[PDB]
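Chemist: This one is an experimental structure. Sequence first:
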Amino acid sequence: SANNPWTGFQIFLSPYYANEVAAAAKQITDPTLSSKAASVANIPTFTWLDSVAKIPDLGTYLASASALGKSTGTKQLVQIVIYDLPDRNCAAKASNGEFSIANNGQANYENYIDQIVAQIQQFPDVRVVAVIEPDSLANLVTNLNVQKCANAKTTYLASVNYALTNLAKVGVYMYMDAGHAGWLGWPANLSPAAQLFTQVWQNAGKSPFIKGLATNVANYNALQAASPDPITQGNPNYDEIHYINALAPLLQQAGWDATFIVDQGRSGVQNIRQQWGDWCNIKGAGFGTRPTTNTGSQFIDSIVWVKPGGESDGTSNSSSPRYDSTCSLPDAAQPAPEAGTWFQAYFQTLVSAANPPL
């Protein structure tokens, strides 16, 4: 597209990830590996607004970015994930989300969006790019047989609609989460996915700020694989570029010339999973291609790092109330701490196995 949200902007680096990374690197004993680890703080990542408690942080990041831009003559861009749906993660064994459909979920989520909008509105000289609700709409394509997902469908659609409609009013550039090649990229899932995303785009008024879709968020697929990972057998769309090439024209036909962003933050090492669906703390992952608008595809605005490598996907402790057994599988690094919290050994390996090397 003509308007790539990133061109001409300086990405605001996360101070939290810089702070997680800074504390992490000083624990790495090899001096050369430690220096590589510290440099990860210079690589832009997305900030996850996974609870209302994160919203004051958003306000500080916008204000800090505004001042940094003035001090350097740059226009700054803040990268966020909207991630607080009621009954979040409907197909997962466990979820950390603070809101439930049964307890005024829709109103509480709307208030979460309103608080985010109220922050963004105060800093018009800062651009915002948002990934909208990982692990939400994709479940409404393939997982309607999961009863929690069937029961969440109307709330997910209404809440995502509220987010899109209201973030558009403050000019936020938005990419809806769209799973990955091994989820929605199966040829038979492409058209049901396109139909759902198009309906969502229509309900939110077809705003030009709804740029398209985000793929591979918190996952490990290649953007362009040298050879198909054996986990992909049966699916001709074995990497993200195949998925995107196949999905994009379906959206274009609907009048939505959509573009895409692709997470590569944990994609440096391929061929590390037993089954494609294994998503939790996959052992041996390495940092992948650094964020760039040099994407290799007409459809892709940017390679991005959405999931911050080093933060756990979930605990391996089967006694935790938030325990998801996916996190105890043979290909999951164990022992692992609670989701979102720092996983030092995993981070160290992400650095060691980075590809391209750091």
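Modeler: That came in fine, so what should we check first? Residues are numbered from 1 along each chain as shown.

Chemist: Residue 326: what's it in contact with?
Modeler: 92-93, 278-280, 314, 332 (C-beta atoms under 8 Å, 6 or more residues apart in numbering). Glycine gets a C-beta too; all of them are placed from N, C-alpha and C.

Chemist: what's the helix or strand hosting residue 55 packed up against?
Modeler: Using DSSP states H and E, residue 55 sits within helix 55-72. The contact analysis (3 or more C-beta pairs under 8 Å, 6 or more residues apart in numbering; DSSP states H and E) places helix 55-72 against strand 10-11, helix 15-25, strand 47-49, strand 76-82, helix 105-120.

Chemist: What residues sit buried inside that helix?
Modeler: 57-59, 61-62, 64-66, 69 (16 or more other C-beta atoms under 10 Å).

Chemist: Kindly report the same for stretch 284-296.
Modeler: Neighbour counts over stretch 284-296 (16+ other C-beta under 10 Å) mark 284-291, 295 as buried.

Chemist: element containing residue 195?
Modeler: In the assignment (DSSP H and E), residue 195 maps to helix 187-203.

Chemist: What ranges does the chain have for its helices?
Modeler: 15-25, 31-39, 55-72, 105-120, 139-142, 147-168, 187-203, 240-253, 344-352 (DSSP state H).

Chemist: follow-up on the earlier one: rebuild the buried residues of stretch 284-296 as CSV, extending it with distance to residue 122.
Modeler: Listed next are the buried residues of stretch 284-296 as CSV, based on distance: C-beta to C-beta, whole Å:
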residue, distance to residue 122
284, 43
285, 38
286, 39
287, 34
288, 35
289, 34
290, 31
291, 26
295, 32
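
Chemist: one step back: make JSON lines out of the helices and strands packed on helix 55-72 and add mean neighbour count.
Modeler: Shown next, in JSON lines, are the helices and strands packed on helix 55-72 (neighbours: other C-beta atoms under 10 Å):
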{"stretch": "strand 10-11", "mean neighbour count": "19"}
{"stretch": "helix 15-25", "mean neighbour count": "18"}
{"stretch": "strand 47-49", "mean neighbour count": "21"}
{"stretch": "strand 76-82", "mean neighbour count": "24"}
{"stretch": "helix 105-120", "mean neighbour count": "18"}
